[PDB]
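Heads up, the chain below is alone and in the form deposited without the ligand; it's given as structure tokens.
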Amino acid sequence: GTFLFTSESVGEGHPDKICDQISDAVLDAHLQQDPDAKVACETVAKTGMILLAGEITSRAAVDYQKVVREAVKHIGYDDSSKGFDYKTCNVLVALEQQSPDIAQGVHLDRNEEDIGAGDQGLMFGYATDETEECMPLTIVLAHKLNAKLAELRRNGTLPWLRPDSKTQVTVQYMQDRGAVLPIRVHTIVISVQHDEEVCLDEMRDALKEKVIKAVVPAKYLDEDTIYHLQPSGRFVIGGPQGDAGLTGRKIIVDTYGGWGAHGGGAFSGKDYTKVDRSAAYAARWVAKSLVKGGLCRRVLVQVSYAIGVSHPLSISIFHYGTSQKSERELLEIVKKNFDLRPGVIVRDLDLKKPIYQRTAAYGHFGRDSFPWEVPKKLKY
């Protein structure tokens, strides 16, 4: 019954993640002034350039130059020696109003609770009892390794670190009637941008001793664990200079690390009317409520929408064999306890609040007791 599973994560300075954070900094800036802002902000990053492209209709007065540059500063790209500098990069803006055709079909002259979905699409929520936070251990560990790198960079412990990083964790699991049980860490990859002075052996030693050992419990590591630390051998060029980034290109890092399922929609840069985000957060909330409610050890929920239509077109459940209840029974419990219209999700999950930039690195789920992470007490 043993098997392997792998997930990855990326750091705050990974170029795709820079774009997600900037998109969400823009969304938050709008929501701070106009809780009803309609935002669809894509970000593109390449050497010396942040471009904003998309559609925003809002009563806010937002200084895009300042918002973008402050987000880049926070990430840590503050000098040309690091390959990118918030003070001196180009910020280009190609933002128009929301299409009036979309606006009239989705939200104009609609009661909020009865607002239409902002697009068609499908979304999934997942939860697993293998960790207290109801997330896969593979992706939890991968995120924590990137967070540790940023911590040691920011506290000056490892001053040769730069913001761009990737990690990948392969766990060996056992299974019991569909639930999964972590046994050990089989393989770890860490790649992180670094300065010109540090040598490879110094980096590899620090990554094992100060990063991996500070994150992964020793009980999971043994003489057979495989370590791929700085496997490319050199990573001085990094950030947008090494690889163009775009918003919504880390959707699996943002969610479940390959476990569960994904409908394809990106989260960052979108207000609540874009069900790609709000309905995925609500589906996570449902899945976590089913697991924390003791109805199943792990579960997947699908929901779907049509643009302009408030109620979901479909809802589906897969319990992996981890419930005594059938999937039909669990679906009835979901329908009795949740209303997945976007105009109701916004109220339940407080989705006009400007907390989105906080979600845009280290995963949207399993952290910080956001509203979608607080289970609903189920009645049945």
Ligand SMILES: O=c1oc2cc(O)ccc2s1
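Residue indices: 1-based, along the sequence shown.
Checked against the record, the higher mean CA B factor of 14 to 22 and 367 to 375 lies with 367 to 375. Stretches 327 to 335 and 51 to 59 differ in mean CA B factor, with 327 to 335 having the higher one.
Highest CA B-factor among the listed residues (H74, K166, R277, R249): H74. The PDB entry assigns its highest CA temperature factor, among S304, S191, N111, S268, to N111. Per-chain ranking of the deposited C-alpha B factor places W160 in the highest third. Placement of the Cα temperature factor of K352 within the chain: middle third of the modelled residues, per the deposited record. The deposited CA B-factor of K66 belongs to the highest third of values across its chain. In this PDB entry, the Cα temperature factor of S310 sits in the middle third of its chain's modelled residues.
Sort the chain's modelled residues by C-alpha temperature factor and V216 lands in the middle third, per the entry.
Form solved in complex with the ligand: not shown, discussed below.
Partner proximity in the bound PDB entry, defined as non-hydrogen atoms within 4.5 angstroms of the ligand, places exactly one of 80 to 88, 205 to 213, 138 to 146, 152 to 160 at the interface: 138 to 146. In the bound PDB entry, at least one heavy atom of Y362 sits within 4.5 Å of a heavy atom of the ligand. Taking the partner from the other structure, the ligand in the bound PDB entry has no heavy atom within 4.5 Å of any heavy atom of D129.
Contact check for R358: no non-hydrogen atom falls within 4.5 Å of the ligand in the bound PDB entry.
Although the ligand is not shown here, in the bound PDB entry the stretch 43 to 69 places no heavy atom of any residue within 4.5 Å of it.
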